[PDB]
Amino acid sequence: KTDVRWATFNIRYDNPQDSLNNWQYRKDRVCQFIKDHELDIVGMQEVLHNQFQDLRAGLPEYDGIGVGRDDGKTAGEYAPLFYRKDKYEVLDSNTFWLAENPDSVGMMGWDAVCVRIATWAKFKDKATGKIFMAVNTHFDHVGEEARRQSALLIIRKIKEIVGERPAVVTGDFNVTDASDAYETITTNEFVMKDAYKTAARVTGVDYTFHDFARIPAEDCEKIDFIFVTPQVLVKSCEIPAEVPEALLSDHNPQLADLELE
């Protein structure tokens, strides 16, 4: 009875060196995509404070959640969650650090090479009264142990905050389905399904990183995922192909039409 179009998307942090691929030339394209596909909830990665502000300005019907990963304020990349103000209410939300102590702001962890975070929010469908949780994160590309720990940490936080109620985890994990981190959240006592592998219908491309269309399709990998608890129904998934002319990011967003039960 509760339908929600979810999406995870790495927007590529604002870097003047990107020249024609700089955030300034993608700002509108990204906002437009979101409103066009009528995204209900979006977990985005690599979002700098100025970019976070542009999103709020370009998505007036939405609202953002999260803080900088360097000082828990505005410094560093955000891993925010945007949602429809009129559709969902935020009962509670916060952000913790993927490390030995998730409460130590700016703290790195294990094999980590860069400080990492996860932003979550306990939502409520202000129409059906349905409660669910959303967790958006960005994993370390170098730290192996850190990745395994980050996954277990997220699971413990989902059970802590929402227990066995519907929860959806999105983010950039910097690994494919062949990694171990993917296996730790996929083969854990607390079941988490890969929305892409369980969707009744899948459209689009099968990779999520192309480095601004510079990597040939055949050599592209999928490093972005949408994970859901066993109760949620994954109606469909789509990963729109990047467009060399009107490029949105070096990554491809992953949409998912879900149904909470």
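Residue numbers here begin at 1 and follow the sequence given.
**Student:** For the C-alpha atoms alone, is the average B factor greater in 180-188 or in 117-125, going by the entry?
**Tutor:** Higher of the two, by average CA B-factor, is 180-188.
**Student:** With reference to the PDB entry, specify whether the mean Cα temperature factor is higher for 155-163 or for 102-110.
**Tutor:** According to the PDB entry, the answer is 102-110.
**Student:** Between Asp172, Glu77, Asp92, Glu89, which one tops the list for Cα B-factor in this entry?
**Tutor:** By C-alpha B-factor in the record, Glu77 ranks first.
**Student:** Just to confirm, going by the entry's C-alpha B-factors, which of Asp28, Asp224, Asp211, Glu221 comes out highest?
**Tutor:** Checking the PDB record, the top C-alpha B-factor among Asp28, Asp224, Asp211, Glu221 is at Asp211.
**Student:** Going by the recorded CA B-factors, say which third of the chain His49 sits in, lowest, middle or highest.
**Tutor:** For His49, the deposited C-alpha B-factor lands in the highest third.
**Student:** Relative to the other modelled residues of the same chain, rank the CA B-factor of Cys237 and answer lowest, middle or highest third.
**Tutor:** Its C-alpha B-factor, which the entry lists for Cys237, ranks in the middle third among residues of this chain.
**Student:** Against its chain's modelled residues, does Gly68's Cα B factor rank lowest, middle or highest third?
**Tutor:** For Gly68, whose C-alpha B-factor we compare with every modelled residue in the chain, the answer is the middle third.
**Student:** Should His141 be placed in the lowest, middle or highest third of its chain by the C-alpha B factor in the entry?
**Tutor:** Highest third, going by the recorded CA B-factors of the chain.
**Student:** Taking only the Cα B-factors deposited for this chain, tell me whether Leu39 sits in the lowest, middle or highest third.
**Tutor:** Its C-alpha B-factor belongs to the middle third of this chain's values.
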